[PDB]
Every structure is written in structure tokens, then in C-alpha cells.
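Both blocks below hold the same protein chain, though in two forms, and each is given as C-alpha cells: structure 1 and structure 2.
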Structure 1
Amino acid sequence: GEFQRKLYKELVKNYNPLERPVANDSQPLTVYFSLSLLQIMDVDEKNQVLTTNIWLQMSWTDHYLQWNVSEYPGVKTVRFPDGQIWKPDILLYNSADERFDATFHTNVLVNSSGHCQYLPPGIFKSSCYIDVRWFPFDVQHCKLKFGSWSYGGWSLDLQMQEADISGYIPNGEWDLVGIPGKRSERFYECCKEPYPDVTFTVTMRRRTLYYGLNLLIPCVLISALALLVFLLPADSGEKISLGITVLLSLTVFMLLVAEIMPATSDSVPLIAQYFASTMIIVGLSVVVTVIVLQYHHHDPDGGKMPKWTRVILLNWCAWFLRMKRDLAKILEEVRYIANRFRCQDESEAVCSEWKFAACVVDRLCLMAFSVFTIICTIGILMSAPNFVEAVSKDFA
């Protein structure tokens, strides 16, 4: 229309985009900064970066962009693109990405009385600190530091508005708790400029259904089969075969885990200790099995038990586990044959109790290793704080 064309001509008349729109060059310009979280794109522990899709709202007041409604009746608001009107230089301080702005400058709405609002969308990649302790059951606090880069305390008075979460599109992996904020001003090394800033911190809780079922559940089941060695009879030459196959089949899990675990020397993660515990329990099973096996094939008539094994593994431990354990030359020739058989029976009896001792050790170690696994798995998981709420929410 003729009024819109006319109004745009006075508005850009003698206008300098490099100038603060303050009427008096002695008072700071009040700028209201807010934030709207639309979704959490991804949280990557390896690079310790946080990708979020958010909206920004910068609102200030202009003095030269004012006009009377009566003179121009039809038009009420005007829009100016980037590079034609003064805008605040508020930007993310972290900005862990190649290009540092990440704001996608759009049109800037202008009031009928000079109140200018700016609503740019962008995808931000901030530098967060992923404290990976109690990894499946961890809560992360990520900060977003926003503030002006060239305007100090007396030039741009940065104010704060509460963050908006109307429309969040939940990720499904991380459960958002809340996004509080804070406004403060600090003194930097360069200058005597007190620089205000707005720091929005994001608190999110990691869901545990995927990690618990795909990682924690198989570990208990695989470790259970390593406990099944003591139930196999020693006759079947198969004890070490299943003893070492489970160990080989269980080292593969940290290969997946280490691909996700950041290589940070802050603290030993809970998942790292739990896997390490399974290494030792399965590893010590093979060592015990070797001791059991040599008790079976002891090659008798080559050394008797030192009389401590006859009383420990056959009287004390056994009670606990309810084991309950021309004719003259013809005669001489037959004499040797029967005596040889008699000596074979004596050797068999000596070897028989050697095998029974191995059975006692196997059964004794089964009870000892079983209670170790029960308290090791439970004890580590119980130690994690807020473990109960995650189970009560994700699982139950």
C-alpha cells in the first residue's frame, strides 16, 4: 500500500545500524532474553557436547523506529531483515561447533511504538560436562551461557525471563527434569566492564530400560552359566571348554561398552566396576576348575593325602553338604593272577577317594561362588544413588 511504502521511507531515513537505539547516551539499554526448548537432538559422551534445538527471544526498545498510527492507518508492524537495524550481539559462550553463531538471522518484528522483538531459531552445540559416574543411572547438568560480546554493564542491561517448555517433544532416551536459569555479571581480565549474562542449565535424567535390558540383563545370565561349571561331572572332558568359552564370550561386552564410554580419568564408572567384577568371578572359576581337575586325575600310588585333606574335605566339609561318601606250579601261577587283581582293587579304592575329594571341592566352591555373585551384582547396583526411582519409573 501507499502508507506502507511511505512509512518505510521515513523509518530508514538517516538511520545508522551501528548505533544503540537509546535516546540518551548515558543509560543502559534494557534487553530481555529468554529461551524455548523444542527438543534435545543428541547427547554425546565421547565429545562431551550437547546438541539441542531451541528458540531464542531478544526483546528491546527502539527510539527511532516510532510512528503515529493516525498518519499511517493500515500498517501496525514492520519487519526489518538482518543488517538494516541495530540488534544485540548476544551469543552462546560455549558454542562447541565450527561456526560460532548458530542463530539463523530472520526478520525482526517492530512495534508501532518502537518495541522491537527478535525470535531467531537455531540448533546449538554447547560444550557440556558429562560426569559419567553411575553411567546407566546418571543425571547430567548442562549449562548454556548467553551474553553480549561487545556491550558491557553500562551499555546493554541484559535482563532475564523464565525459560519456556510449552512443546518439548520428549526424546525418549533422556527424561527432562527442568531448565532453571540465572542472571549475573562478572569482571573479566580485559576490561573494567561488568558483563551480565544469562546461564540456562538443563537437567536431564537418562532412562534405563534400554541399557538395563540390553546390557545389565545379559551379564547376569552369562555369568550364571560360568557358575554351571561346578555342576558338570569331571568325567566329561568339558569343564575347561565351558569354563573358557564363557570367558571368551564375555570379553566382547566391554568392546561395545568402551565404544560408548568416554576415555575420561575422572572416576571409575559403575558399569566398569560391574564388568570388572564379572571378569574376576568368571576368571577365578577357571582357576578353581584346574585345581578340581588335578584332584580327579591324581595318578594314584604316587603320594597320599597329608592327613589334613582326609579330615577337612572328607569329614568337615563333607558333613556340611550331605555327601555320605604239577599242581604246586599250577597253584603258584594262579596265585599271581589273583594277587594282581587284588592290588588293582586297592589302587582303585585309593583313586576313588581322590575323585570324591574333587566332588566335594566342586560343590563347596559352587556355594561360595554363588553367594559372591549375588552380593557383587546387587551390591554394586544398590550403591548407585537414585537407582530406585529409575527402576520404579522405567521398569515399573
Structure 2
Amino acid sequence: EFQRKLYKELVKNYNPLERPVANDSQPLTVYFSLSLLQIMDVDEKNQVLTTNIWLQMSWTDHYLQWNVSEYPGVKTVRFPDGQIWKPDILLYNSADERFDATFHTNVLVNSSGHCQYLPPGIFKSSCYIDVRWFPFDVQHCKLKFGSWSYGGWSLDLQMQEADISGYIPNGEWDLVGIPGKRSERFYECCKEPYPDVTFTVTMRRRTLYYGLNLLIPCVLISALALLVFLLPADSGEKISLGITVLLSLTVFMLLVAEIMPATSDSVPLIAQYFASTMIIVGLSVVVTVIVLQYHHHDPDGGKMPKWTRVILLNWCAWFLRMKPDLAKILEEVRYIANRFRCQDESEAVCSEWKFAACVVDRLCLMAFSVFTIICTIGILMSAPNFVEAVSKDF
């Protein structure tokens, strides 16, 4: 009886085109805020943040006011899209093909004209995603909101603190906070300035998944590449082991190339770590080739340079703690035995060259172990957020 009469009196002469203020010269105050429910996806390749957000706009409408004594029990009214004036607040850095992803809902309005409008939405926004320190990265994704066509002389956009009380954690991102800032900017379109309200979502990557799928797999494969330095040369499988580990390393390099944006603003930390690992395994194949040359050295070839027999077989070999008819028979058997003696001297030279290969294996075992550890530790702990990651996520 009363709800029917109010809806009829409130729409008399109403115009959703008119900005709802008593004095046309003043700007209309609009308080903007939002509630962050869920971070659905951070698309590092497309540089897009997907979020589930309820936006919160509130203002006063001069013409949507009634006396609750004259409409008993009628304290709030509701209006759908197009039936009352709303602020046309849009996400400026939308990455949605439709641009505006807001699902339109009612505007709630109480008897003093106070209007509340909380349209839900799944929003996609453009966010520079800084992959310099990935997977130990912190991202600061901006969500810029402002009236599209109402400047500051017409619409006084004000900011209120973001709501995270109903926020649902994500398993890949720890929300650090959603600080906001109201700015007043000029655009070359217009002489009037246009206020906006930007919310910056500070979200920290959780690193357990990436530790177990990217960082830890790489360390063990790096350790496998050092088993080439422990394989005997006579096994015949050093290059197979080494080059196969190297082919195992490209699957990870393509996994990173597939998830990282194709940008030149910097080189990700993961890229520097995988590139260094692949250069340490790629250099262990180069060293393996040199080792095999020493092991398979032709004894009747060039003698061992004196610099080599001291640098390897003395210094490094100490540091590593390795260490008438009867005369014709005589002539003929002497040839057989002398042939054996020549084979022993050639064999001794071969064993001497083989021992050099063993020393080079041990040296480059130690050398590549130090390179792996320092590069692994140095690259990973160069990230500002590495210590925080191992404390919280491990």
C-alpha cells in the first residue's frame, strides 16, 4: 500500500540524466571504495590481474527522499540500471574486451536520500607485472577508478578504506594490503581536471609450488651434471649423461619462456639462475670433451707439455691426495719381448695421460661444485624477498 505509493511518487518527473544535487554549481560528493573478495588470477604473460570485487559507491540524491511517518514500514527502496542516476565510474586500466566488466545491480536508497550501490564483478585490469625477482616477487597492481565523463567541478570523488574482511586467501598470493590514494589529474582532452581513486593491491608470491617445480628440480639436475665428473672415462657414457642432463635443462627453459612475458625491461631472477645453471652444465660438457681428449690421447702423438705434468700431476695431484739355429730363435723371441716392452712404455704413457684426466675430473668436480653453490646461493639470495619466502612458505 505504501511501497506502491512511494515508487509512484518518487519517479514523478525524475530524470536519470540529471546529476542529483540541489545546487547545480556545487559538485556531487561520491565516496568510492571496494571490497576485495578474491584474487582469481595473475596472468604474468598477458600482464593482466583478475579479481573478484564488489565496488562501493555512495552518494546523496536530493529527489529520492521521503518521510517514513507517511510511508509506514517503507525505509528503503531499490532501483535497477537506467531508472535512477548513477555515477559512471569505470576501471581505467581495464583489460576486458567489453572494457566495463561490472554486473549491474540495484541501488539501495533510504529515506534521507542516501544511495548505496554495490555492483559485483569479475574485473580484468592491466598491471605491469615486474618479473625481475620471480618467483620471489612482490607485485603492486593498480586499479584506477574514476568517473568517465564527470570532471571535478561536477563530481567530487572521495576515497574510503578498502574492505578485506570478506577476503578469501589464494594459495599463490598473500595479500599484503590494498592501500588507496585519491588523485586529481589533468588530461589533454579537457581543461577541467578529473579526480580518480586508485587502489594498489600489494600481493606477495608464495613460493612453495615454484620451489618444488622450478628451483629444486634445477638444483638436483645441476648436481646430476656433477656426476659426469665422477663417471669413469672407460664407461663410455660421459657425454650421454652430460648432454642428456643438458637436454633435461631445456625443458625448464621453455617452461619459463612460456609463463614469462616477452619483455626487455629486465631479465627475471629465474632466467639468470637457469641460464647460469645451463652455462655450468654446458661448460661441464666442454670440460668433459677435454677430459676425453686426455683419456683417449694417442701415445704416439705429441708429448705432454712440461707445464701440464707439473700443474696437474704434481700440484693438483698432491693437493687432492690422489697419487746356428739357436741364434735365430733368440733374435725372433727378442723381437716378441721387445715388442711387449714397447707396448708397456706406450701403456705407461697412456696411463699417465689417463691419470691427468682423472685429476682434471676431480678439479672440475670441485670447481663446478663451488660455481654451482655460489651461483645458486648468490642469485637466489640477491632477491630482497628470498629470506621472507623461506621463512613463511617453507
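Here, a residue number simply tells you its place in the sequence of structure 1, counted from 1. Here the rigid core means the biggest group of C-alpha atoms that line up within 1.5 Å when the two forms are laid on top of each other.
Rigid core superposed between structures 1 and 2, residues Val43, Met58, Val360, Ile54 considered: the one with a C-alpha shift of 2 Å or more is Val360. Remark: with the core as the superposition reference, the CA shift of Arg133 between structures 1 and 2 stays below 2 Å. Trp308 is among the residues whose C-alpha shifts by 2 Å or more between structures 1 and 2 once the rigid core is aligned.
Relative to the superposed rigid core, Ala234 undergoes a CA displacement of at least 2 Å between structures 1 and 2. Core-based superposition between structures 1 and 2 puts the Cα shift at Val22 at 0.5 Å. For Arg340, the displacement of the CA atom between structures 1 and 2, after superposition on the rigid core, amounts to 3.5 Å. The Cα position of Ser223 changes by 1.6 Å between structures 1 and 2 once both are aligned on the rigid core.
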